[PDB]
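Quick notes on the structure that follows.
Backbone-built Cβ (ideal geometry, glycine too); neighbour counts: all protein chains shown. We did not get these values from a lab; they are worked out from the coordinates using the rules stated.
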Amino acid sequence: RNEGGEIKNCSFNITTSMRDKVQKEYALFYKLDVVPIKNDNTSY
Amino acid sequence: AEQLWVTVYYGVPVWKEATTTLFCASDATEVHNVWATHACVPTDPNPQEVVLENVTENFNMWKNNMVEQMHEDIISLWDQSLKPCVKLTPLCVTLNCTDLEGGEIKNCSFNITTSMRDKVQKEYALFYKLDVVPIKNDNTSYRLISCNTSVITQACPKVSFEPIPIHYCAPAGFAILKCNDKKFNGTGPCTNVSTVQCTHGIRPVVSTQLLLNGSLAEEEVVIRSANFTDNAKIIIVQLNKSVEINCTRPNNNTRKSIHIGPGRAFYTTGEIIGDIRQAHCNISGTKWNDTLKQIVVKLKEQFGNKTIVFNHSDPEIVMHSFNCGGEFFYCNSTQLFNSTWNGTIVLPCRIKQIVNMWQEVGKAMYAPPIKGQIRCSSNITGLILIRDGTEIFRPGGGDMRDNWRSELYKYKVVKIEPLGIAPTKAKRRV
Amino acid sequence: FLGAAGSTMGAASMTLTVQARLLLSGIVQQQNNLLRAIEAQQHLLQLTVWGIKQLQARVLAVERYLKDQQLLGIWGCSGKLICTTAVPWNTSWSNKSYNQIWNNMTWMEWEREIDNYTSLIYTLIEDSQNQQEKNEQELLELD
Amino acid sequence: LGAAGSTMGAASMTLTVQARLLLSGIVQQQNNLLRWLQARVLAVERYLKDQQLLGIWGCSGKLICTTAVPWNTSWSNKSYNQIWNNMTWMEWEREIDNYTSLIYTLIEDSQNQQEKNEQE
Amino acid sequence: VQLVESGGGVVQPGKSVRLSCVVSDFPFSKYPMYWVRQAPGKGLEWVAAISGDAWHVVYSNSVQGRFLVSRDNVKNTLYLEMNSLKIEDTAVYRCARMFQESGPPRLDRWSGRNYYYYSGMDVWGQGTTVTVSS
Amino acid sequence: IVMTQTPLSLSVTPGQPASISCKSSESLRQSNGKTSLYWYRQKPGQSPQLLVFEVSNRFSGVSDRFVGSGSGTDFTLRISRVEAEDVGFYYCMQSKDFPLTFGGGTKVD
Ligand SMILES: *[C@@H]1O[C@H](CO[C@@H]2O[C@@H](C)[C@@H](O)[C@@H](O)[C@@H]2O)[C@@H](O[C@@H]2O[C@H](CO)[C@@H](O[C@@H]3O[C@H](CO[C@H]4O[C@H](CO)[C@@H](O)[C@H](O)[C@@H]4O)[C@@H](O)[C@H](O[C@H]4O[C@H](CO)[C@@H](O[C@@H]5O[C@H](CO)[C@@H](O)[C@H](O)[C@H]5NC(C)=O)[C@H](O)[C@@H]4O[C@@H]4O[C@H](CO)[C@@H](O[C@@H]5O[C@H](CO)[C@H](O)[C@H](O)[C@H]5O)[C@H](O)[C@H]4NC(C)=O)[C@@H]3O)[C@H](O)[C@H]2NC(C)=O)[C@H](O)[C@H]1NC(C)=O
Ligand SMILES: *[C@@H]1O[C@H](CO[C@@H]2O[C@@H](C)[C@@H](O)[C@@H](O)[C@@H]2O)[C@@H](O[C@@H]2O[C@H](CO)[C@@H](O[C@@H]3O[C@H](CO[C@H]4O[C@H](CO[C@@H]5O[C@H](CO)[C@@H](O[C@@H]6O[C@H](CO)[C@H](O)[C@H](O)[C@H]6O)[C@H](O)[C@H]5NC(C)=O)[C@@H](O)[C@H](O)[C@@H]4O)[C@@H](O)[C@H](O[C@H]4O[C@H](CO)[C@@H](O)[C@H](O)[C@@H]4O)[C@@H]3O)[C@H](O)[C@H]2NC(C)=O)[C@H](O)[C@H]1NC(C)=O
Ligand SMILES: *[C@@H]1O[C@H](CO)[C@@H](O[C@@H]2O[C@H](CO)[C@@H](O[C@@H]3O[C@H](CO)[C@@H](O)[C@H](O)[C@@H]3O)[C@H](O)[C@H]2NC(C)=O)[C@H](O)[C@H]1NC(C)=O
Ligand SMILES: *[C@@H]1O[C@H](CO)[C@@H](O[C@@H]2O[C@H](CO)[C@@H](O)[C@H](O)[C@H]2NC(C)=O)[C@H](O)[C@H]1NC(C)=O
Ligand SMILES: *[C@@H]1O[C@H](CO)[C@@H](O[C@@H]2O[C@H](CO)[C@@H](O)[C@H](O)[C@H]2NC(C)=O)[C@H](O)[C@H]1NC(C)=O
Ligand SMILES: *[C@@H]1O[C@H](CO)[C@@H](O[C@@H]2O[C@H](CO)[C@@H](O)[C@H](O)[C@H]2NC(C)=O)[C@H](O)[C@H]1NC(C)=O
Ligand SMILES: *[C@@H]1O[C@H](CO)[C@@H](O[C@@H]2O[C@H](CO)[C@@H](O)[C@H](O)[C@H]2NC(C)=O)[C@H](O)[C@H]1NC(C)=O
Ligand SMILES: *[C@@H]1O[C@H](CO)[C@@H](O[C@@H]2O[C@H](CO)[C@@H](O)[C@H](O)[C@H]2NC(C)=O)[C@H](O)[C@H]1NC(C)=O
Ligand SMILES: *[C@@H]1O[C@H](CO)[C@@H](O[C@@H]2O[C@H](CO)[C@@H](O)[C@H](O)[C@H]2NC(C)=O)[C@H](O)[C@H]1NC(C)=O
Ligand SMILES: *[C@@H]1O[C@H](CO[C@@H]2O[C@H](CO)[C@@H](O)[C@H](O)[C@H]2NC(C)=O)[C@@H](O)[C@H](O)[C@H]1NC(C)=O
Ligand SMILES: *[C@@H]1O[C@H](CO[C@@H]2O[C@@H](C)[C@@H](O)[C@@H](O)[C@@H]2O)[C@@H](O)[C@H](O)[C@H]1NC(C)=O
Ligand SMILES: *[C@@H]1O[C@H](CO[C@@H]2O[C@@H](C)[C@@H](O)[C@@H](O)[C@@H]2O)[C@@H](O)[C@H](O)[C@H]1NC(C)=O
Ligand SMILES: *[C@@H]1O[C@H](CO)[C@@H](O)[C@H](O)[C@H]1NC(C)=O
Ligand SMILES: *[C@@H]1O[C@H](CO)[C@@H](O)[C@H](O)[C@H]1NC(C)=O
Ligand SMILES: *[C@@H]1O[C@H](CO)[C@@H](O)[C@H](O)[C@H]1NC(C)=O
Ligand SMILES: *[C@@H]1O[C@H](CO)[C@@H](O)[C@H](O)[C@H]1NC(C)=O
Ligand SMILES: *[C@@H]1O[C@H](CO)[C@@H](O)[C@H](O)[C@H]1NC(C)=O
Ligand SMILES: *[C@@H]1O[C@H](CO)[C@@H](O)[C@H](O)[C@H]1NC(C)=O
Ligand SMILES: *[C@@H]1O[C@H](CO)[C@@H](O)[C@H](O)[C@H]1NC(C)=O
Ligand SMILES: *[C@@H]1O[C@H](CO)[C@@H](O)[C@H](O)[C@H]1NC(C)=O
Ligand SMILES: *[C@@H]1O[C@H](CO)[C@@H](O)[C@H](O)[C@H]1NC(C)=O
Ligand SMILES: *[C@@H]1O[C@H](CO)[C@@H](O)[C@H](O)[C@H]1NC(C)=O
């Protein structure tokens, strides 16, 4: 919520330095750096 | 009159003040020590010291570049010898700890070790309360302290830690001046300025709230600082009459190994043998009491009323800290800061195995365990004190750079420029 | 070798008969033993923090030696210790009289007296004498 | 190194060849910088040790120069033609090696620190 | 110390006078000097500057070529001579000493050219006034 | 170069702090390691007197409440607890190169 640009914020599980449990997140992502992947509905 | 002519003299005894880069000189072997670094030029037991006649030369013990040069170098020596060793990244996992004064050492059981991918390995471990933190979401279950702080990196066990005296030699064409006034304030002029080529022994001892193996002020007890009536400039107490201390680790402490790096084994406490006996220190109760009164007399020549009061100064910065045989002790020095002036003193000690840096951000070294029992003795010759503004004196913080200001307080660096001209009556016949 | 840094300029020329107290001799008796090849008996065993600093130490031992030989080399005063020139002293550089410079003065204070004027004296030796005499010598070989 | 077997009066004709090739030898490293010099820096310092030392000995530029220093036969009393037309240089160095630094102070002092007091 | 001027007054266009600033006690050959011009009701305008050895002279662009300055380190005097006077030159002139000391000229090694350092002012003389009118 | 300043008029009464800034077109940092900007004051009918020579240091006979700072282009002189005798003008004077100019002189009543 307030063209092709910043429309998509995303989420993914990650467990970088604790190395015990993954955790989803929220970010802010433009275009020119993401790809809609194959065999899935709206996955970047 | 005589028309004067120019004459070039080579070898005039002049200099200026300058900056430079220095190099070690060890006085002595497998070369696997962090500080000593026997890849170093051997010394010369020649007595090289040249005394002057008529010199008035201001020094300084704070704006002298020789002490800022070490602190950019001894952290470089101590981090080159840390880079090629193993990282401890898979250790930051969920722990499960129990105890077997109370329960201090912790039987901990974390259960992965990715030597491979498919088969992670359950594991036995023994930790300390100065290294583990509690977690708030379940029953008793821990984690290392500095996971989200910095990369915990193990030091390789086949290294050394002993202080070995490092003679700073100036490079050729330079020289180091040295004063020899017994009553030197630290920042005034001098009268007998001797000239050497390379300084005396400097033990690279790291410690906090005290100095160990030090040097010796002679004939009396010297106190130096810059801005007395400011609280900021820390006073430095150098001594004669080297006060001896014993400190020990009264345990056996067998160590096992845990293969985590494929070719890199992790070392931990296998099992203690005997009785769980806390590490401590011993101080002669007579010499310590005699020493502090000698300080107050010099204190009462700069704070000569509103009598001197000792009071003791977060587990890290408050505690006394030092190393003992490649093993780091944190000792409660509350007892030595009780009195004012109008048998064998035992101080308890705690042991942490995750040390921090000097800037204490960005790196965290992990000590390996050491088999056997550790004895070390050392001369306490240096005291760090801070005022508050009767006068009360705390030991002070942990600015490690201040250690070597008590050891470079006679030394400046010059530039011999032996070429110069002067007029006289004699002309070269063309 | 700084033994007379509190002495006077009229008296420090007495002890300067020793080769500036054997100044350069301390270097050759150093680099005979700086070139102890224990550095080659190890290949330093690695590249270490000290050997980085020794490398930056030997260069300054090389360069700052050369800058004192070259300036003595260009002044028609190569290898000597006390040589005279043909340059007349200008009283604008120092209006001190004769004995005050020699009998009644240190050295390092006299540096700060003409550290301003020092660089002008450097050019006024070469282009006045040592550039100049070589042409006039070569004219005296033309015949 | 050709006259290494010559006598001391004979090997003196090859003094120029030894001096020239001490420094850098023939130049190796044919500009191939395509893809780590301490040994290069030491060779200059070996060279500049000696030229300065001949500068103090009043003997820069020359190859053979005299002195005002008489010999002290406690070094070696071996007389003139016992060695000169009889012995190479490797053996003459193995007769004077113990006395080496003792010779160097005497040449320094009594030849140029002396003759500095004759300038006037 | 004491720092005043002389020779001020009022003249016509096309005329030519010369002031005289005299210093009191400091070594005059050591220091450079300056000239400043405060117009009535305006700010300040820099005029001129002399080196300590009276070798370097830098003028403002507006009064370029018209004026003249000089020194006499023995008599401890300071002159501002002026030529081709215009009515807008009517203002207050002030004699002024450099704050810092200056050294001798420098002679950079890489190019045979000296350098006279110039920094600002601390002691303003109270100064005369010249008026150009009919 | 050009160097003006702001504000021209600050008609105040004693008891409050304020500041006067002088704005630079050409940046000032000489190769000696210092920024040749000289702040000083005249009184009306008087030849001026030096307040501070550098933007750091001060001069003799100067109250401690006269503080100055600035970058190579920004330059600021701050007067804490502005004193009753702060009348007249305040000129900002630079010493980069020739012709070295001034500001207009900020009037303070
Ligand atoms: C070699 O060259 C260097 C420069 O070049 C350098 O090298 C080159 C190679 C280049 O690389 C170049 O880039 C390098 O920089 C020369 O160095 C220069 O040396 C001189 C000293 O010889 C320095 O001058 C002094 O400077 C200070 C300020 O400088 C400070 O800051 C600089 C840098 O920031 C520092 O380095 C420096 O050390 C300082 O910290 C300046 O203030 C000094 O002037 C005062 O003192 C002298 C001495 O008293 C006064 O002179 C006296 O004046 C009276 C009055 O007429 C006379 O009667 C006396 O005869 C005379 N002389 C003596 C010996 O007394 C001078 O006037 C001034 O005095 C003050 O005056 C004010 C105003 O009158 C006064 O204030 C008054 O106070 C009262 C009471 O409070 C009232 O309130 C009044 O209203 C008020 O106005 C004050 O009290 C007076 N104080 C005193 C003590 O008198 C001094 O000149 C110079 O800075 C330095 N650098 C440069 C770049 O030039 C070097 O000299 C050369 N070498 C040689 C051998 O020549
Ligand atoms: C020892 O060192 C001395 C100093 O060394 C100096 O400092 C060192 C640190 C280093 O930097 C040195 O390089 C430096 O020199 C040496 O002294 C120098 O000697 C040389 C000689 O080779 C001098 O050179 C002479 O320079 C003169 C000045 O040239 C300037 O001025 C010319 C115009 O002159 C101006 O005219 C106006 C006219 O109105 C004058 O104004 C009047 O002033 C009055 C007094 O104040 C009064 O106020 C009136 O109201 C006012 O109108 C003004 O004063 C005057 N300028 C000066 C400075 O007097 C310009 O054209 C020129 O560009 C430059 O700006 C020349 O006149 C002179 O030429 C004359 O002399 C020749 C030889 O005598 C002669 O052949 C010519 O025909 C001609 O007549 C020289 O060129 C140099 O100035 C000296 N330095 C200093 C600082 O003074 C010294 O040599 C050395 N010792 C030895 C043994 O070598
Ligand atoms: C604490 O300080 C004291 C005094 O400052 C130290 O005692 C001194 O230690 C040195 C070497 O450790 C002794 O030199 C040795 O002396 C023996 C005497 O038999 C000699 O055989 C050796 O060849 C060597 O010269 C020195 O004599 C000794 N001083 C006295 C009065 O005995 C002590 O070592 C320091 N201890 C620590 C842990 O810092
Ligand atoms: C941590 O270790 C303790 C000790 O073994 C585990 O607790 C045991 O759990 C089993 C499974 O029910 C019981 O049979 C034992 O009686 C328990 N022992 C004790 C002393 O409680 C525990 O599960 C481990 N894990 C965690 C996360 O605490
Ligand atoms: C500390 O906890 C460990 C649990 O990890 C205990 O180790 C067990 O010991 C018994 C024998 O006493 C073995 O049969 C188990 O297989 C071990 N479990 C492991 C290694 O996970 C250990 O006994 C406890 N006490 C001490 C003093 O180490
Ligand atoms: C080393 O410190 C001791 C301890 O203070 C000094 O011995 C005492 O010094 C004071 C002050 O001069 C005297 O009042 C005492 O009489 C001294 N003796 C005793 C037993 O307290 C000693 O002077 C210092 N210096 C040396 C070289 O030992
Ligand atoms: C030592 O520190 C004290 C601060 O406790 C200094 O005293 C004051 O310092 C402030 C700092 O600017 C001044 O404004 C005061 O005027 C000072 N008071 C007095 C009575 O001097 C003192 O100046 C410091 N001394 C040194 C040499 O640094
Ligand atoms: C600290 O330990 C040392 C041992 O290194 C003790 O030194 C011994 O002291 C006794 C006196 O009780 C002497 O008879 C021995 O000769 C000493 N031996 C050595 C090796 O020094 C010392 O007493 C202990 N205590 C203190 C307070 O220093
Ligand atoms: C150092 O040891 C002393 C021992 O007395 C500690 O002081 C007291 O310890 C008791 C525990 O029996 C606490 O209940 C008190 O609160 C402590 N007193 C104070 C004033 O805190 C002291 O805490 C220890 N300090 C350190 C840093 O280890
Ligand atoms: C300046 O210092 C010299 C140093 O003399 C040394 O003093 C120590 C003291 O323990 C002694 O052990 C040395 O043998 C002495 N000599 C040498 C060559 O190191 C004093 O001799 C001067 O008197 C001192 N000057 C003053 C004014 O005190
Ligand atoms: C990286 O791999 C890409 C293939 O990935 C798949 O194909 C594209 C079309 C998207 O759908 C993507 O989300 C899929 O996962 C290649 O296209 C690409 O060239 C590769 N990049 C390299 C080899 O640098
Ligand atoms: C030189 O020694 C002086 C002592 O003697 C003085 O010398 C002469 C030149 C006169 O100045 C006279 O007053 C005395 O007899 C010292 O005062 C002086 O500081 C010394 N140094 C110098 C002049 O640079
Ligand atoms: C993706 O989701 C939208 C709405 O959830 C749906 O209309 C669409 O058919 C889906 N596309 C697929 C499953 O390919
Ligand atoms: C993305 O998240 C929304 C959250 O409401 C969920 O409804 C949707 O199914 C998710 N889609 C995928 C592909 O995970
Ligand atoms: C979890 O274990 C701790 C350790 O004894 C205990 O204090 C706590 O009560 C336990 N939790 C529950 C819910 O019993
Ligand atoms: C030490 O003495 C000198 C005078 O000899 C004095 O100027 C200096 O301030 C003294 N040191 C301290 C820290 O006060
Ligand atoms: C320290 O002192 C205590 C009692 O004072 C004693 O039991 C212990 O053995 C001593 N340890 C050492 C190493 O001196
Ligand atoms: C306390 O101050 C007084 C006042 O001068 C002084 O006489 C006395 O000696 C001081 N006390 C001490 C212990 O110095
Ligand atoms: C020491 O410092 C503490 C800090 O609060 C204070 O309460 C206490 O009175 C001081 N003195 C003693 C003797 O503990
Ligand atoms: C080497 O030996 C041969 C025969 O013994 C001799 O003739 C020759 O001259 C020798 N070399 C020198 C340089 O004397
Ligand atoms: C050199 O000769 C002297 C006599 O002039 C003699 O005393 C000395 O022993 C000789 N040198 C040596 C090293 O024997
Ligand atoms: C040279 O020395 C050798 C050594 O044995 C000897 O045989 C030979 O006779 C000597 N020659 C002369 C000419 O002395």
Residue under evaluation B:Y330, criteria (1) exposed (fewer than 14 other Cβ atoms within 10 Å of the Cβ); (2) closer than 22 Å to B:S146 by Cα, criterion not met: (1)
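Tell me which residues, restricted to segment B:351-374, are more than 19 Å from the chain's Cα centre (by Cα) and within 30 Å of B:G285 (Cα to Cα). I'd like the intermediate steps shown before the answer.
Within segment B:351-374, the first condition is being more than 19 Å from the chain's Cα centre (by Cα), and the residues that meet it are B:362, B:368-374.
Across segment B:351-374, the qualifying residues are B:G372, B:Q373, B:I374.
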Spans of strands (runs of 3 or more DSSP E) in segment F:8-83 with at least 1 residues away from chain E (no Cβ under 14 Å) and either more than 16 Å from ligand 9 (Cβ to nearest atom) or surrounded by 19 or more Cβ atoms within 10 Å (Cβ to Cβ) (or both): F:18-24, F:66-70, F:75-79
Tell me, yes or no, whether segment B:24-41 has at least one residue that is within 18 Å of the chain's Cα centre (by Cα), facing chain C (nearest Cβ under 10 Å) and of a type in the set (A, V, I, L, M). no
Between B:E17, B:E30, which is out of contact with any strand residue (DSSP E or B) (no Cβ under 8 Å at 6 or more places or on another chain) and charged (D, E, K, R)? B:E30
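Of everything in segment E:63-84 that's small (G, A, S) and either part of a loop (DSSP other than H, G, I, E, B) or within 16 Å of ligand 20 (Cβ to nearest atom) (or both), which residue is farthest from the other protein chains (Cβ to nearest Cβ)?
Taking segment E:63-84 as the starting set, the residues that turn out to be small (G, A, S) are E:65, E:70, E:84.
Filter once more, so that each one left must be either part of a loop (DSSP other than H, G, I, E, B) or within 16 Å of ligand 20 (Cβ to nearest atom) (or both): E:65, E:84.
Values: E:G65: 14, E:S84: 19 Å.
Among them, the one singled out is E:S84.
If you take the residues in segment D:47-90 that are within 16 Å of ligand 20 (Cβ to nearest atom) and surrounded by fewer than 12 Cβ atoms within 10 Å (Cβ to Cβ), which one is farthest from the chain's Cα centre (by Cα)? Give the steps one after another, and end with the answer.
Taking segment D:47-90 and keeping what is within 16 Å of ligand 20 (Cβ to nearest atom), we get D:81, D:83-90.
Add one more test, that the residue is surrounded by fewer than 12 Cβ atoms within 10 Å (Cβ to Cβ), and what stays is D:81, D:85, D:90.
Values: D:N81: 22, D:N85: 20, D:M90: 13 Å.
Per the criteria, the residue is D:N81.
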Could you tell me whether any residue of segment C:43-61 is of a type outside the set (V, I, T), more than 8 Å from every other protein chain (Cβ to nearest Cβ) and touching a helix residue (DSSP H, G or I) at 6+ places or on another chain (Cβ under 9 Å)? no
Can you find even one residue in segment B:355-372 that is surrounded by 14 or more Cβ atoms within 10 Å (Cβ to Cβ), more than 16 Å from ligand 7 (Cβ to nearest atom) and assigned to a helix (DSSP H, G or I)? no
Only residues in segment A:19-44 that are within 16 Å of ligand 4 (Cβ to nearest atom) count as the first member; pair them with residues that are of a type outside the set (S, T, N, Q), Cβ under 6 angstrom, at least 6 apart or cross-chain, and list the lot. A:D20/B:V93
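Criterion first (of a type outside the set (D, E) and touching a strand residue (DSSP E or B) at 6+ places or on another chain (Cβ under 9 Å)) does D:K62 satisfy it?
Details: of a type outside the set (D, E): yes; touching a strand residue (DSSP E or B) at 6+ places or on another chain (Cβ under 9 Å): no.
Here the answer is no, as D:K62 does not meet what is asked.
Can you pull out the residues in segment B:406-420 that are of a type outside the set (D, E) and in contact with a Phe, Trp or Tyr (Cβ under 7 Å, 6 or more places away or on another chain)?
Start the filter on segment B:406-420 by keeping residues that are of a type outside the set (D, E), which leaves B:406, B:408-416, B:418-420.
Within segment B:406-420, B:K412, B:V413, B:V414, B:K415, B:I416, B:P418, B:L419, B:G420 meet the criteria.
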